[PDB]
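# Please work out how this folds:
(3 chains)
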Amino acid sequence: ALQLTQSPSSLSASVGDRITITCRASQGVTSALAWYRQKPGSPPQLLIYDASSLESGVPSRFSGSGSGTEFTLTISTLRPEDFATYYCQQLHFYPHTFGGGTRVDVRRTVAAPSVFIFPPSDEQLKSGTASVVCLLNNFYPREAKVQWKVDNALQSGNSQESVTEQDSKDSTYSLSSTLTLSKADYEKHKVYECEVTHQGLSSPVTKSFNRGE
Amino acid sequence: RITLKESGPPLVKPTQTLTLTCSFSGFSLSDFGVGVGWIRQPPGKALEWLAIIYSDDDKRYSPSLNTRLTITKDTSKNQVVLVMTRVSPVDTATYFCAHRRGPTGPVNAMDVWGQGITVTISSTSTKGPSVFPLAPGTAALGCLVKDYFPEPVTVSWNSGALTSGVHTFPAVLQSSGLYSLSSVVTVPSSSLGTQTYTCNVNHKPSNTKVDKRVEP
Amino acid sequence: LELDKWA
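Numbering: from 1, shown residues only, chains lettered A, B, ... in the order given. This is the structure:
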């Protein structure tokens, strides 16, 4: 019940940059707030305890401040090993509470995704189901929106997607979405289109195949 | 110094009970104040506080998981046990146990954590994947490795001779309880009629490996 | 609500 909703929720910064991320609390939590940096693959790591105390063994570049309802955790100089997700936790009220997480990815020039749409395969099409997939390749930033349409009826609740982790080289992301219809449903509609919205495109771009032509 | 660790079943069925165990070593639960809590993290979402148990036995649970959680400590082994009943696919996540302080003022934060042991719910038996083609100057082709369980499967292209342009997305756990992931490689057209593209699929958990080529 | 030990 003790909300606490951490501000800036997806930084986008380079190495050497200086960023300040916040964590707001709905009720005052004295100075019982802790900060952690998690880096894909493993467990959370303590950086700041008691809101302003640097945890032994943690780089001097991390610092914390605030009391009651406002707390901040600054990174004087951004390191490579700093590109991860950060969390704040208050331990003043039960239940102990974590914020939603703020994540800072490597910054690169905005890149619009290359969109491809793959119709179901004839072989899959007789096992009783149809999986059509949409690929949004190498883009930045991470935020992208995919909308499926079958004969123009916006599809909702029958597609799934997963995104790769930022490429260690070109720093782009790639997404994959899967529309899964039951075979019969697939064979009684024409236009299957995948429409992508992204910072890199002025107006959304669509990709479609008309089932049997 | 202090190191805790997580044990239990990586694979659990909807309804039953998940018994996880935190084995630590660097402290004991006899030290005054010392606490050990359980924090869990869904696939790709945030941390969620579960429960905490202290040296002298109080225990606070998560108001939302209260009637499903039970935390205990056996001080002769230095393990903490957490039992979460009637689990469902939504309880699929990575479960962590962490060590909290004790007054010497800085009993204010979970300073050391176990490493994590990811649990996944799914009343589902081992099951090999069906590999379907995802096919067509930049051009994309790929393979849809469908309905396998549990993880993991491995995917390479051309027996490894082609590693750039590839992408082997994170599998998604479907409503059916089965997994499904795609592996796409981006080549430049031309080669499309002269080059050959085959994804080598291997799902060790069920002994099913599949070389499945791809084209227009 | 509810406080924690050290509050």
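
# Leaving out chain neighbours, which residue sits closest to residue 199?
Let's take chain A. Of all residues not flanking residue A:199 in the chain, residue A:110 sits nearest, at 5.5 Å (Cβ to Cβ, 6 or more residues apart in numbering or on different chains). In this view, the C-beta of every residue, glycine as well, is placed from N, C-alpha and C.

# let's do chain B instead
Nearest residue to residue B:199, sequence neighbours excluded (Cβ to Cβ, 6+ apart): residue B:143, at 3.9 Å.

# According to the record, where do the domains of chain B fall?
Chain B is divided into the following domains under curated CATH domains: B:1-123, B:124-216.

# Residue A:153 is nearest to which of those domains?
domain B:124-216 (20.5 Å; Cβ to Cβ).

# what about that closest one, how long is it end to end?
By Cα to Cα, to the nearest Å, the extent of domain B:124-216 from end to end equals 35 Å.

# likewise stretch B:8-19?
Distance across stretch B:8-19, first residue to last, is 6 Å (Cα to Cα).

# That stretch near chain A anywhere?
No - Stretch B:8-19 is not in contact with chain A by Cβ under 8 Å from any Cβ of the partner chain; minimum separation 16.0 Å.

# Just to be sure, the residue nearest to residue B:199 is in a strand?
Yes - looking at residue B:143 with DSSP: H, G, I helix; E, B strand; the rest coil, it is inside a strand.

# can you list the residues of chain A near chain C?
Counting by Cβ under 8 Å from any Cβ, the positions of chain A adjacent to chain C are A:1, A:2, A:27, A:30, A:32, A:91, A:92, A:93, A:94, A:96.

# What of chain B?
So chain B meets chain C at B:33, B:54, B:103, B:107, B:108 (Cβ under 8 Å from any Cβ).

# ok, those residues vs residue A:203, which is closest?
Looking across the residues of chain B next to chain C and measuring by Cβ to Cβ, the closest to residue A:203 is residue B:108, at 50.5 Å.

# Surely the closest one and residue A:48 touch.
No - contact status for residue B:108 versus residue A:48: not in contact, 9.7 Å apart, counting by Cβ atoms under 8 Å.

# Touching both of the two, which residues are there?
Here residue B:108 and residue A:48 have residue A:34 as joint contacts, going by Cβ atoms under 8 Å, 6 or more residues apart in numbering or on different chains.

# May I have stretch A:187-204 as PDB, with CA atoms only?
Extracted C-alpha coordinates of stretch A:187-204, given in PDB (Å, rounded to 0.1, in the frame of the first residue of the first chain):
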ATOM      1  CA  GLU A 187      -8.300 -19.200 -43.800                       C
ATOM      2  CA  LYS A 188     -11.300 -17.000 -43.700                       C
ATOM      3  CA  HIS A 189      -9.700 -13.500 -43.800                       C
ATOM      4  CA  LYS A 190      -7.600 -11.800 -46.500                       C
ATOM      5  CA  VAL A 191      -5.300  -9.000 -45.400                       C
ATOM      6  CA  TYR A 192      -2.900  -9.700 -42.600                       C
ATOM      7  CA  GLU A 193      -1.000  -6.600 -41.800                       C
ATOM      8  CA  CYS A 194       1.500  -5.600 -39.200                       C
ATOM      9  CA  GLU A 195       1.700  -1.900 -38.400                       C
ATOM     10  CA  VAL A 196       4.700  -0.400 -36.500                       C
ATOM     11  CA  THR A 197       4.900   2.800 -34.600                       C
ATOM     12  CA  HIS A 198       8.300   4.100 -33.700                       C
ATOM     13  CA  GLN A 199      10.200   7.400 -33.000                       C
ATOM     14  CA  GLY A 200      12.000   6.800 -36.300                       C
ATOM     15  CA  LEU A 201       9.000   6.900 -38.600                       C
ATOM     16  CA  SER A 202       6.900  10.000 -39.300                       C
ATOM     17  CA  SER A 203       3.700   8.000 -39.700                       C
ATOM     18  CA  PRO A 204       3.300   4.300 -38.900                       C
END
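
# Can I get the domains of chain B in a markdown table including distance to residue A:79 and mean neighbour count?
Shown next, in a markdown table, are the domains of chain B (distance: least, Cβ to Cβ, whole Å; neighbours: other Cβ atoms under 10 Å in any protein chain shown):
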| stretch | distance to residue A:79 | mean neighbour count |
| --- | --- | --- |
| domain B:1-123 | 21 | 17 |
| domain B:124-216 | 26 | 18 |
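
# Look up how far residue A:27 lies from the single nearest residue of chain B relative to chain A.
Nearest to chain A in chain B, going by Cβ to the nearest Cβ, is residue B:109, at a distance of 3.4 Å. Counting by Cβ to Cβ, to the nearest Å, the separation of residue B:109 from residue A:27 is 18 Å.

# measure residue B:206 to residue B:126 for me?
For residue B:206, the distance to residue B:126 equals 5 Å [Cβ to Cβ].

# Repeat that for residue B:135.
Going from residue B:135 to residue B:126 by Cβ to Cβ gives 29 Å.

# Kindly report the same for residue A:92.
Distance from residue A:92 to residue B:126, by Cβ to Cβ: 46 Å.

# which residue sits closest to whatever residue of chain B ends up closest to chain C in space, ignoring its chain neighbours?
Residue nearest to chain C within chain B: residue B:107 (5.5 Å; Cβ to the nearest Cβ). Leaving aside its sequence neighbours, residue B:107 sits nearest to residue B:101 (Cβ to Cβ, 6+ apart; 3.7 Å).

# Could you do residue B:28 as well?
Once flanking residues are discounted, residue B:28 sits nearest to residue B:78: 6.0 Å by Cβ to Cβ, 6+ apart.

# quick one, what contacts the residue of chain B closest to chain A?
A:34, A:46, A:48, A:49, A:50, A:55, A:89, A:91, B:100, B:101.

# Quick check: the two most widely separated of these?
A:48 and B:100 (15.1 Å).

# Mind jotting down where the helices sit in chain B?
With DSSP state H as the criterion, chain B has helices at B:191-194.
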